[PDB]
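Everything below belongs to query.tsv, which stores TSV, N, CA and C atoms.
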```tsv
chain	number	residue	atom	x	y	z
M	19	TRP	N	9.40	-19.82	-45.86
M	19	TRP	CA	8.02	-20.16	-45.45
M	19	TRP	C	7.57	-19.11	-44.45
M	20	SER	N	6.33	-18.72	-44.47
M	20	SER	CA	5.84	-17.69	-43.52
M	20	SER	C	4.36	-17.92	-43.27
M	21	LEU	N	3.84	-17.24	-42.28
M	21	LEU	CA	2.43	-17.30	-41.91
M	21	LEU	C	1.92	-15.87	-41.95
M	22	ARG	N	1.03	-15.60	-42.89
M	22	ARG	CA	0.47	-14.22	-42.99
M	22	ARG	C	-0.82	-14.28	-42.21
M	23	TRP	N	-1.04	-13.41	-41.24
M	23	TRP	CA	-2.26	-13.53	-40.42
M	23	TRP	C	-2.86	-12.17	-40.11
M	24	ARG	N	-4.10	-12.19	-39.71
M	24	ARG	CA	-4.87	-11.03	-39.26
M	24	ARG	C	-5.83	-11.54	-38.18
M	25	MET	N	-6.13	-10.69	-37.20
M	25	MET	CA	-7.06	-11.10	-36.13
M	25	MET	C	-8.47	-10.73	-36.65
M	26	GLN	N	-9.28	-11.75	-36.69
M	26	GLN	CA	-10.67	-11.54	-37.16
M	26	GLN	C	-11.45	-10.99	-35.96
M	27	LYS	N	-11.10	-11.52	-34.81
M	27	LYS	CA	-11.69	-11.17	-33.52
M	27	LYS	C	-10.63	-11.08	-32.44
M	28	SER	N	-10.53	-9.90	-31.86
M	28	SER	CA	-9.59	-9.62	-30.78
M	28	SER	C	-10.40	-9.42	-29.49
M	29	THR	N	-9.84	-9.90	-28.42
M	29	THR	CA	-10.45	-9.78	-27.09
M	29	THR	C	-9.36	-9.44	-26.07
M	30	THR	N	-9.87	-9.17	-24.87
M	30	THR	CA	-8.98	-8.86	-23.74
M	30	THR	C	-9.24	-9.94	-22.67
M	31	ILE	N	-9.93	-10.99	-23.08
M	31	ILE	CA	-10.23	-12.15	-22.22
M	31	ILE	C	-8.94	-12.98	-22.08
M	32	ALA	N	-8.46	-13.03	-20.85
M	32	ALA	CA	-7.24	-13.74	-20.48
M	32	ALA	C	-7.51	-15.09	-19.84
M	33	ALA	N	-8.76	-15.47	-19.73
M	33	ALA	CA	-9.11	-16.78	-19.13
M	33	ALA	C	-8.64	-17.94	-20.00
M	34	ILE	N	-7.39	-18.31	-19.87
M	34	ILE	CA	-6.82	-19.44	-20.65
M	34	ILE	C	-6.12	-20.39	-19.69
M	35	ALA	N	-6.35	-21.68	-19.75
M	35	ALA	CA	-5.67	-22.63	-18.86
M	35	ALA	C	-4.17	-22.67	-19.14
M	36	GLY	N	-3.40	-23.10	-18.10
M	36	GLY	CA	-1.95	-23.27	-18.28
M	36	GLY	C	-1.77	-24.60	-19.02
M	37	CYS	N	-0.56	-24.99	-19.30
M	37	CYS	CA	-0.22	-26.21	-20.03
M	37	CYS	C	1.14	-26.73	-19.59
M	38	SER	N	1.49	-27.87	-20.15
M	38	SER	CA	2.81	-28.49	-19.97
M	38	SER	C	3.60	-28.13	-21.25
M	39	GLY	N	4.87	-27.91	-21.07
M	39	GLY	CA	5.78	-27.59	-22.14
M	39	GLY	C	5.50	-26.28	-22.86
M	40	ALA	N	5.15	-25.22	-22.16
M	40	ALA	CA	4.95	-23.89	-22.77
M	40	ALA	C	6.19	-23.58	-23.57
M	41	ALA	N	6.02	-23.05	-24.80
M	41	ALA	CA	7.19	-22.79	-25.64
M	41	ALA	C	8.11	-21.69	-25.08
M	42	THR	N	9.37	-21.96	-25.29
M	42	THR	CA	10.45	-21.05	-24.94
M	42	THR	C	11.21	-20.58	-26.17
M	43	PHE	N	10.84	-21.05	-27.35
M	43	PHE	CA	11.51	-20.62	-28.60
M	43	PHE	C	11.05	-19.20	-28.93
M	44	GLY	N	11.68	-18.59	-29.92
M	44	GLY	CA	11.41	-17.25	-30.40
M	44	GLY	C	11.29	-16.18	-29.36
M	45	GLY	N	12.02	-16.28	-28.26
M	45	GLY	CA	12.01	-15.31	-27.18
M	45	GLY	C	10.82	-15.31	-26.25
M	46	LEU	N	10.06	-16.39	-26.23
M	46	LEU	CA	8.88	-16.54	-25.36
M	46	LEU	C	9.32	-16.95	-23.95
M	47	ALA	N	8.64	-16.42	-22.96
M	47	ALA	CA	9.00	-16.75	-21.54
M	47	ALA	C	8.12	-17.87	-21.01
M	48	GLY	N	7.94	-18.89	-21.88
M	48	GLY	CA	7.02	-20.00	-21.47
M	48	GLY	C	5.71	-19.23	-21.25
M	49	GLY	N	5.02	-19.57	-20.20
M	49	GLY	CA	3.80	-18.92	-19.79
M	49	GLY	C	2.66	-19.20	-20.79
M	50	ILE	N	1.62	-18.44	-20.60
M	50	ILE	CA	0.39	-18.53	-21.39
M	50	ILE	C	0.71	-18.29	-22.87
M	51	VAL	N	1.53	-17.30	-23.15
M	51	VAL	CA	1.86	-17.03	-24.58
M	51	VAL	C	2.56	-18.23	-25.17
M	52	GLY	N	3.45	-18.85	-24.41
M	52	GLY	CA	4.20	-20.04	-24.84
M	52	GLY	C	3.24	-21.22	-25.03
M	53	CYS	N	2.21	-21.28	-24.18
M	53	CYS	CA	1.21	-22.38	-24.31
M	53	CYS	C	0.51	-22.20	-25.69
M	54	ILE	N	0.17	-20.96	-25.97
M	54	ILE	CA	-0.50	-20.69	-27.29
M	54	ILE	C	0.43	-21.01	-28.44
M	55	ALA	N	1.68	-20.54	-28.40
M	55	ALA	CA	2.66	-20.83	-29.46
M	55	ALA	C	2.86	-22.32	-29.65
M	56	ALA	N	2.95	-23.08	-28.56
M	56	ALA	CA	3.16	-24.54	-28.68
M	56	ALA	C	1.92	-25.18	-29.38
M	57	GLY	N	0.78	-24.61	-29.10
M	57	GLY	CA	-0.51	-25.11	-29.67
M	57	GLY	C	-0.54	-24.81	-31.18
M	58	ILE	N	-0.13	-23.65	-31.55
M	58	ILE	CA	-0.13	-23.24	-32.99
M	58	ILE	C	0.86	-24.11	-33.73
M	59	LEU	N	2.03	-24.31	-33.13
M	59	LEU	CA	3.05	-25.13	-33.75
M	59	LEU	C	2.55	-26.54	-34.04
M	60	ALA	N	1.88	-27.15	-33.07
M	60	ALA	CA	1.43	-28.53	-33.27
M	60	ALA	C	0.39	-28.56	-34.44
M	61	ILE	N	-0.45	-27.57	-34.44
M	61	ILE	CA	-1.51	-27.50	-35.50
M	61	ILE	C	-0.83	-27.33	-36.86
M	62	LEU	N	0.11	-26.40	-36.97
M	62	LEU	CA	0.85	-26.24	-38.25
M	62	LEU	C	1.52	-27.51	-38.68
M	63	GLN	N	2.19	-28.23	-37.77
M	63	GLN	CA	2.84	-29.47	-38.14
M	63	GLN	C	1.82	-30.51	-38.62
M	64	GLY	N	0.69	-30.56	-37.97
M	64	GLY	CA	-0.36	-31.52	-38.32
M	64	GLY	C	-0.85	-31.26	-39.76
M	65	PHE	N	-1.05	-30.01	-40.11
M	65	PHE	CA	-1.52	-29.61	-41.45
M	65	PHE	C	-0.52	-29.89	-42.55
M	66	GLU	N	0.73	-30.16	-42.26
M	66	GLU	CA	1.70	-30.46	-43.34
M	66	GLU	C	1.19	-31.57	-44.26
M	67	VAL	N	0.57	-32.61	-43.72
M	67	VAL	CA	0.04	-33.70	-44.54
M	67	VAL	C	-1.03	-33.17	-45.53
M	68	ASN	N	-1.75	-32.14	-45.17
M	68	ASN	CA	-2.84	-31.60	-46.01
M	68	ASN	C	-2.32	-30.69	-47.12
M	69	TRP	N	-1.18	-30.05	-46.91
M	69	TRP	CA	-0.67	-29.25	-48.06
M	69	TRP	C	0.13	-30.22	-48.95
M	70	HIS	N	0.66	-31.27	-48.34
M	70	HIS	CA	1.42	-32.27	-49.11
M	70	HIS	C	0.50	-33.08	-50.04
M	71	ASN	N	-0.66	-33.44	-49.56
M	71	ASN	CA	-1.60	-34.32	-50.27
M	71	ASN	C	-2.99	-33.78	-50.50
M	72	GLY	N	-3.28	-32.59	-50.05
M	72	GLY	CA	-4.58	-31.93	-50.17
M	72	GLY	C	-5.47	-32.25	-48.98
M	73	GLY	N	-6.62	-31.57	-48.94
M	73	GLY	CA	-7.60	-31.86	-47.89
M	73	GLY	C	-7.55	-30.79	-46.79
M	74	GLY	N	-8.62	-30.85	-46.03
M	74	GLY	CA	-8.82	-29.88	-44.93
M	74	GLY	C	-9.21	-30.64	-43.69
M	75	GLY	N	-9.60	-29.89	-42.68
M	75	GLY	CA	-10.03	-30.57	-41.42
M	75	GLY	C	-9.83	-29.57	-40.26
M	76	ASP	N	-10.21	-30.07	-39.12
M	76	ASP	CA	-10.20	-29.34	-37.83
M	76	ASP	C	-9.19	-30.07	-36.93
M	77	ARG	N	-8.21	-29.30	-36.53
M	77	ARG	CA	-7.11	-29.88	-35.69
M	77	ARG	C	-7.12	-29.09	-34.37
M	78	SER	N	-6.83	-29.80	-33.30
M	78	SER	CA	-6.83	-29.14	-31.96
M	78	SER	C	-5.53	-29.43	-31.22
M	79	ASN	N	-5.34	-28.60	-30.16
M	79	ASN	CA	-4.20	-28.81	-29.26
M	79	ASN	C	-4.57	-28.16	-27.91
M	80	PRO	N	-4.21	-28.86	-26.85
M	80	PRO	CA	-4.44	-28.31	-25.49
M	80	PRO	C	-3.64	-27.00	-25.38
M	81	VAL	N	-4.20	-26.02	-24.68
M	81	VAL	CA	-3.56	-24.71	-24.43
M	81	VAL	C	-3.76	-24.33	-22.95
J	146	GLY	N	-8.20	-21.95	-16.53
J	146	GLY	CA	-9.01	-20.89	-17.15
J	146	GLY	C	-10.12	-21.57	-17.96
J	147	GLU	N	-10.92	-20.73	-18.62
J	147	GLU	CA	-12.03	-21.26	-19.42
J	147	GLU	C	-11.49	-21.87	-20.71
J	148	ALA	N	-10.70	-21.16	-21.48
J	148	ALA	CA	-10.15	-21.75	-22.72
J	148	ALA	C	-9.14	-22.85	-22.39
J	149	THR	N	-9.34	-24.04	-22.94
J	149	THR	CA	-8.45	-25.17	-22.74
J	149	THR	C	-7.86	-25.71	-24.05
J	150	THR	N	-8.47	-25.25	-25.14
J	150	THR	CA	-8.04	-25.78	-26.46
J	150	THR	C	-7.99	-24.71	-27.52
J	151	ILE	N	-7.06	-24.88	-28.44
J	151	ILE	CA	-6.95	-24.00	-29.60
J	151	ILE	C	-7.31	-24.93	-30.80
J	152	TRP	N	-8.03	-24.35	-31.74
J	152	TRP	CA	-8.46	-25.11	-32.93
J	152	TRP	C	-7.98	-24.40	-34.20
J	153	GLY	N	-7.71	-25.25	-35.18
J	153	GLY	CA	-7.30	-24.75	-36.51
J	153	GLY	C	-8.29	-25.48	-37.50
J	154	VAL	N	-8.98	-24.69	-38.24
J	154	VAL	CA	-9.94	-25.21	-39.30
J	154	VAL	C	-9.24	-24.78	-40.61
J	155	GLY	N	-8.78	-25.76	-41.36
J	155	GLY	CA	-7.99	-25.53	-42.55
J	155	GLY	C	-8.50	-26.15	-43.85
J	156	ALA	N	-7.95	-25.57	-44.91
J	156	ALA	CA	-8.25	-26.04	-46.29
J	156	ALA	C	-6.99	-25.72	-47.11
J	157	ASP	N	-6.73	-26.60	-48.08
J	157	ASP	CA	-5.60	-26.49	-48.96
J	157	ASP	C	-5.87	-25.50	-50.10
J	158	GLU	N	-4.90	-24.65	-50.36
J	158	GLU	CA	-5.03	-23.73	-51.49
J	158	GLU	C	-4.31	-24.36	-52.69
J	159	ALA	N	-3.10	-24.83	-52.50
J	159	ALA	CA	-2.25	-25.43	-53.48
J	159	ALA	C	-1.45	-26.57	-52.86
J	160	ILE	N	-1.18	-27.56	-53.66
J	160	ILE	CA	-0.33	-28.69	-53.23
J	160	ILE	C	1.10	-28.16	-53.23
J	161	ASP	N	1.81	-28.49	-52.17
J	161	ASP	CA	3.23	-28.07	-52.03
J	161	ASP	C	3.88	-29.26	-51.34
J	162	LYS	N	4.83	-29.91	-52.01
J	162	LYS	CA	5.48	-31.07	-51.40
J	162	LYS	C	6.60	-30.72	-50.40
J	163	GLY	N	6.92	-29.47	-50.26
J	163	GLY	CA	7.96	-28.96	-49.36
J	163	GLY	C	7.45	-28.93	-47.92
J	164	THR	N	8.40	-28.73	-47.02
J	164	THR	CA	8.13	-28.69	-45.57
J	164	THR	C	9.02	-27.60	-44.92
J	165	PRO	N	8.40	-26.73	-44.18
J	165	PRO	CA	9.11	-25.67	-43.44
J	165	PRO	C	9.99	-26.35	-42.38
J	166	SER	N	11.15	-25.73	-42.16
J	166	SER	CA	12.08	-26.25	-41.12
J	166	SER	C	11.45	-25.91	-39.76
J	167	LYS	N	12.00	-26.54	-38.73
J	167	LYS	CA	11.54	-26.25	-37.34
J	167	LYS	C	11.73	-24.78	-37.03
J	168	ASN	N	12.84	-24.18	-37.38
J	168	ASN	CA	13.13	-22.75	-37.17
J	168	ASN	C	12.01	-21.87	-37.76
J	169	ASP	N	11.62	-22.20	-38.99
J	169	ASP	CA	10.53	-21.43	-39.64
J	169	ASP	C	9.20	-21.63	-38.92
J	170	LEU	N	8.86	-22.85	-38.59
J	170	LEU	CA	7.57	-23.15	-37.89
J	170	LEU	C	7.55	-22.43	-36.54
J	171	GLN	N	8.70	-22.45	-35.86
J	171	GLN	CA	8.74	-21.75	-34.55
J	171	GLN	C	8.50	-20.27	-34.69
J	172	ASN	N	9.07	-19.61	-35.68
J	172	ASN	CA	8.93	-18.19	-35.91
J	172	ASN	C	7.46	-17.86	-36.23
J	173	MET	N	6.87	-18.68	-37.07
J	173	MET	CA	5.44	-18.49	-37.43
J	173	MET	C	4.57	-18.53	-36.19
J	174	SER	N	4.82	-19.57	-35.40
J	174	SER	CA	4.07	-19.85	-34.17
J	174	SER	C	4.22	-18.74	-33.14
J	175	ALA	N	5.47	-18.37	-32.85
J	175	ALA	CA	5.71	-17.31	-31.87
J	175	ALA	C	5.11	-16.00	-32.30
J	176	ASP	N	5.22	-15.65	-33.59
J	176	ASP	CA	4.66	-14.37	-34.05
J	176	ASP	C	3.18	-14.27	-33.79
J	177	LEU	N	2.41	-15.27	-34.22
J	177	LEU	CA	0.96	-15.25	-34.02
J	177	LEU	C	0.53	-15.17	-32.57
J	178	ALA	N	1.18	-16.01	-31.76
J	178	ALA	CA	0.87	-16.11	-30.33
J	178	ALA	C	1.13	-14.79	-29.61
J	179	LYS	N	2.34	-14.28	-29.77
J	179	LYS	CA	2.77	-13.04	-29.14
J	179	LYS	C	2.17	-11.78	-29.69
J	180	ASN	N	2.15	-11.59	-31.00
J	180	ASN	CA	1.64	-10.36	-31.63
J	180	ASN	C	0.20	-10.41	-32.08
J	181	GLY	N	-0.36	-11.60	-32.25
J	181	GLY	CA	-1.76	-11.73	-32.69
J	181	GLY	C	-2.66	-11.96	-31.49
J	182	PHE	N	-2.58	-13.11	-30.86
J	182	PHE	CA	-3.40	-13.45	-29.71
J	182	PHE	C	-3.09	-12.58	-28.47
J	183	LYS	N	-1.83	-12.31	-28.27
J	183	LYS	CA	-1.35	-11.50	-27.14
J	183	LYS	C	-1.83	-12.05	-25.81
J	184	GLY	N	-1.84	-13.36	-25.66
J	184	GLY	CA	-2.28	-14.04	-24.45
J	184	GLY	C	-3.76	-13.92	-24.21
J	185	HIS	N	-4.53	-13.60	-25.25
J	185	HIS	CA	-6.00	-13.48	-25.07
J	185	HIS	C	-6.74	-14.40	-26.05
J	186	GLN	N	-8.00	-14.59	-25.75
J	186	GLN	CA	-8.91	-15.40	-26.58
J	186	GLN	C	-9.11	-14.63	-27.88
J	187	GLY	N	-9.43	-15.34	-28.98
J	187	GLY	CA	-9.64	-14.56	-30.25
J	187	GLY	C	-9.71	-15.57	-31.42
J	188	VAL	N	-9.79	-14.96	-32.59
J	188	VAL	CA	-9.86	-15.65	-33.87
J	188	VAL	C	-8.94	-14.96	-34.87
J	189	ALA	N	-8.09	-15.77	-35.49
J	189	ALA	CA	-7.14	-15.35	-36.49
J	189	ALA	C	-7.44	-16.09	-37.83
J	190	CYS	N	-7.27	-15.35	-38.89
J	190	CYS	CA	-7.41	-15.84	-40.29
J	190	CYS	C	-5.99	-15.82	-40.83
J	191	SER	N	-5.56	-16.90	-41.45
J	191	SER	CA	-4.16	-16.96	-41.92
J	191	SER	C	-3.96	-17.79	-43.16
J	192	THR	N	-2.84	-17.57	-43.79
J	192	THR	CA	-2.37	-18.31	-44.96
J	192	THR	C	-0.90	-18.69	-44.74
J	193	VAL	N	-0.63	-19.97	-44.88
J	193	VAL	CA	0.75	-20.45	-44.82
J	193	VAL	C	1.35	-20.19	-46.23
J	194	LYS	N	2.47	-19.51	-46.32
J	194	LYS	CA	3.06	-19.27	-47.66
J	194	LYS	C	4.42	-19.94	-47.77
J	195	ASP	N	4.80	-20.32	-48.97
J	195	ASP	CA	6.10	-20.93	-49.33
J	195	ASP	C	6.68	-19.92	-50.30
J	196	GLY	N	7.44	-18.96	-49.76
J	196	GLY	CA	7.94	-17.86	-50.63
J	196	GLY	C	6.68	-17.03	-50.98
J	197	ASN	N	6.55	-16.77	-52.28
J	197	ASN	CA	5.42	-15.98	-52.79
J	197	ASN	C	4.15	-16.84	-53.01
J	198	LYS	N	4.25	-18.13	-52.94
J	198	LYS	CA	3.16	-19.07	-53.15
J	198	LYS	C	2.22	-19.15	-51.95
J	199	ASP	N	0.94	-19.05	-52.19
J	199	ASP	CA	-0.11	-19.16	-51.13
J	199	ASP	C	-0.42	-20.66	-51.06
J	200	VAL	N	-0.16	-21.31	-49.94
J	200	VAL	CA	-0.37	-22.75	-49.83
J	200	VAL	C	-1.55	-23.24	-49.07
J	201	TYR	N	-1.76	-22.75	-47.87
J	201	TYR	CA	-2.80	-23.31	-46.98
J	201	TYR	C	-3.50	-22.26	-46.19
J	202	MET	N	-4.82	-22.38	-46.01
J	202	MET	CA	-5.57	-21.38	-45.23
J	202	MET	C	-5.99	-21.98	-43.91
J	203	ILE	N	-5.83	-21.22	-42.82
J	203	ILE	CA	-6.25	-21.72	-41.50
J	203	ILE	C	-6.91	-20.63	-40.67
J	204	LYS	N	-8.06	-20.99	-40.12
J	204	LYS	CA	-8.75	-20.12	-39.15
J	204	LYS	C	-8.29	-20.71	-37.78
J	205	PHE	N	-7.64	-19.90	-36.96
J	205	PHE	CA	-7.19	-20.32	-35.62
J	205	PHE	C	-8.20	-19.72	-34.61
J	206	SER	N	-8.78	-20.57	-33.83
J	206	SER	CA	-9.79	-20.12	-32.83
J	206	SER	C	-9.41	-20.50	-31.41
J	207	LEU	N	-9.42	-19.51	-30.53
J	207	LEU	CA	-9.11	-19.74	-29.09
J	207	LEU	C	-10.31	-19.16	-28.31
J	208	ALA	N	-11.18	-20.02	-27.86
J	208	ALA	CA	-12.40	-19.59	-27.16
J	208	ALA	C	-12.69	-20.46	-25.96
J	209	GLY	N	-13.61	-19.95	-25.13
J	209	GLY	CA	-14.04	-20.66	-23.92
J	209	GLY	C	-14.47	-22.07	-24.28
J	210	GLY	N	-15.22	-22.18	-25.37
J	210	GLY	CA	-15.69	-23.51	-25.79
J	210	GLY	C	-14.56	-24.45	-26.14
J	211	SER	N	-14.50	-25.58	-25.44
J	211	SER	CA	-13.46	-26.58	-25.74
J	211	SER	C	-13.82	-27.38	-27.01
J	212	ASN	N	-15.07	-27.29	-27.42
J	212	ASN	CA	-15.62	-27.98	-28.59
J	212	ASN	C	-15.18	-27.33	-29.91
J	213	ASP	N	-15.13	-28.17	-30.93
J	213	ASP	CA	-14.74	-27.77	-32.30
J	213	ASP	C	-15.70	-26.70	-32.77
J	214	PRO	N	-15.19	-25.53	-33.05
J	214	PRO	CA	-16.02	-24.41	-33.50
J	214	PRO	C	-16.60	-24.64	-34.89
J	215	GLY	N	-15.99	-25.55	-35.61
J	215	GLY	CA	-16.42	-25.87	-36.99
J	215	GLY	C	-16.28	-24.56	-37.80
J	216	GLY	N	-17.23	-24.39	-38.70
J	216	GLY	CA	-17.25	-23.18	-39.55
J	216	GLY	C	-16.28	-23.43	-40.71
J	217	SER	N	-16.00	-22.34	-41.40
J	217	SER	CA	-15.10	-22.38	-42.54
J	217	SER	C	-13.72	-21.76	-42.25
J	218	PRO	N	-12.74	-22.31	-42.93
J	218	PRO	CA	-11.40	-21.70	-42.86
J	218	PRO	C	-11.53	-20.28	-43.38
J	219	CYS	N	-10.62	-19.42	-42.95
J	219	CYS	CA	-10.55	-18.02	-43.42
J	219	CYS	C	-9.06	-17.86	-43.74
J	220	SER	N	-8.72	-16.91	-44.57
J	220	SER	CA	-7.34	-16.75	-45.02
J	220	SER	C	-6.85	-15.33	-44.92
J	221	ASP	N	-5.60	-15.18	-45.28
J	221	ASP	CA	-4.92	-13.86	-45.34
J	221	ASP	C	-3.85	-13.99	-46.41
J	222	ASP	N	-4.32	-14.19	-47.66
J	222	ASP	CA	-3.41	-14.43	-48.77
J	222	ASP	C	-2.39	-13.36	-49.13
```

Have the structure of the file written as structure tokens, please.
Amino acid sequence: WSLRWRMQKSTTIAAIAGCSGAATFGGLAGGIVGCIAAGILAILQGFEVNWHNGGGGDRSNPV
Amino acid sequence: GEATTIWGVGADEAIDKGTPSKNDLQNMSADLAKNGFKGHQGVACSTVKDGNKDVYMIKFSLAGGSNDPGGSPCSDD
């Protein structure tokens, strides 16, 4: 399984709130990057029901 | 900071009854966060794949607005 991605819009805006449980997997040092990874992970897990049974939607996660 | 939420706007490409292991989901997640977003606000277009099969399309949005950006999913098949 893999995620093929491209940045549609890239910025240098670092104004992102901190979070609880910043990810430490895949060599992440927690922090803001870990907050983003934990957010992506939750969204991917949520979408499993939609590839299993079809459908779309908008899913969110605190970052 | 200003951004407090990340959003995923998705649509199904193909039905796939399989499920990626935690190890795979973590690798997907870390790659995008570290090499795509790079700790900054932005928009990513993506496709979840199961081997060579294109399964799901997701537009990932990280912006100042905490509100649902809506719009359409975008992909990277």

Next item on the list: Please identify all polymer residues within 7 Å of range 146-150 of chain J, counting only C-alpha atoms, omitting same-chain residues fewer than 3 positions from it, and present them as a ChimeraX atom specification.
Entry: /M:33-35,78-81 /J:207-211

Output file for the selection above: N, CA and C atoms, as a PDB file, keeping the file's coordinate frame:
```pdb
ATOM      1  N   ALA M  33      -8.760 -15.470 -19.730  1.00  0.00           N
ATOM      2  CA  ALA M  33      -9.110 -16.780 -19.130  1.00  0.00           C
ATOM      3  C   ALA M  33      -8.640 -17.940 -20.000  1.00  0.00           C
ATOM      4  N   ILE M  34      -7.390 -18.310 -19.870  1.00  0.00           N
ATOM      5  CA  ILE M  34      -6.820 -19.440 -20.650  1.00  0.00           C
ATOM      6  C   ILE M  34      -6.120 -20.390 -19.690  1.00  0.00           C
ATOM      7  N   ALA M  35      -6.350 -21.680 -19.750  1.00  0.00           N
ATOM      8  CA  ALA M  35      -5.670 -22.630 -18.860  1.00  0.00           C
ATOM      9  C   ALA M  35      -4.170 -22.670 -19.140  1.00  0.00           C
ATOM     10  N   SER M  78      -6.830 -29.800 -33.300  1.00  0.00           N
ATOM     11  CA  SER M  78      -6.830 -29.140 -31.960  1.00  0.00           C
ATOM     12  C   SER M  78      -5.530 -29.430 -31.220  1.00  0.00           C
ATOM     13  N   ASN M  79      -5.340 -28.600 -30.160  1.00  0.00           N
ATOM     14  CA  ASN M  79      -4.200 -28.810 -29.260  1.00  0.00           C
ATOM     15  C   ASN M  79      -4.570 -28.160 -27.910  1.00  0.00           C
ATOM     16  N   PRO M  80      -4.210 -28.860 -26.850  1.00  0.00           N
ATOM     17  CA  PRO M  80      -4.440 -28.310 -25.490  1.00  0.00           C
ATOM     18  C   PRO M  80      -3.640 -27.000 -25.380  1.00  0.00           C
ATOM     19  N   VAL M  81      -4.200 -26.020 -24.680  1.00  0.00           N
ATOM     20  CA  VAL M  81      -3.560 -24.710 -24.430  1.00  0.00           C
ATOM     21  C   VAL M  81      -3.760 -24.330 -22.950  1.00  0.00           C
TER      22      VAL M  81
ATOM     23  N   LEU J 207      -9.420 -19.510 -30.530  1.00  0.00           N
ATOM     24  CA  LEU J 207      -9.110 -19.740 -29.090  1.00  0.00           C
ATOM     25  C   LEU J 207     -10.310 -19.160 -28.310  1.00  0.00           C
ATOM     26  N   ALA J 208     -11.180 -20.020 -27.860  1.00  0.00           N
ATOM     27  CA  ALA J 208     -12.400 -19.590 -27.160  1.00  0.00           C
ATOM     28  C   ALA J 208     -12.690 -20.460 -25.960  1.00  0.00           C
ATOM     29  N   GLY J 209     -13.610 -19.950 -25.130  1.00  0.00           N
ATOM     30  CA  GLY J 209     -14.040 -20.660 -23.920  1.00  0.00           C
ATOM     31  C   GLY J 209     -14.470 -22.070 -24.280  1.00  0.00           C
ATOM     32  N   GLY J 210     -15.220 -22.180 -25.370  1.00  0.00           N
ATOM     33  CA  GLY J 210     -15.690 -23.510 -25.790  1.00  0.00           C
ATOM     34  C   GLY J 210     -14.560 -24.450 -26.140  1.00  0.00           C
ATOM     35  N   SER J 211     -14.500 -25.580 -25.440  1.00  0.00           N
ATOM     36  CA  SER J 211     -13.460 -26.580 -25.740  1.00  0.00           C
ATOM     37  C   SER J 211     -13.820 -27.380 -27.010  1.00  0.00           C
TER      38      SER J 211
END
```

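CA of residue 188 in chain J sits 9.9 Å away from CA of residue 219 in chain J.
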
Margin query: Let's see if you can do this: from backbone DSSP, list all strand (DSSP E or B) residues in chain M, as a ChimeraX atom specification.
Written below: /M:20-28,34,75-80

Notebook entry, point to check: Counting all atoms listed in the file, which residues from chain J have an atom at most 5 Å from any atom of chain M, and could you show them as JSON, numbers by chain?
Noted result: {"J": [146, 147, 148, 149, 150, 151, 152, 153, 154, 155, 156, 157, 160, 161, 162, 174, 178, 185, 186, 187, 188, 189, 190, 191, 192, 193, 194, 195, 196]}

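As for CA of residue 175 in chain J and CA of residue 215 in chain J, they are spaced 24.3 Å apart.
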
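Interatomic distance, CA of residue 201 in chain J against CA of residue 220 in chain J: 8.2 Å.
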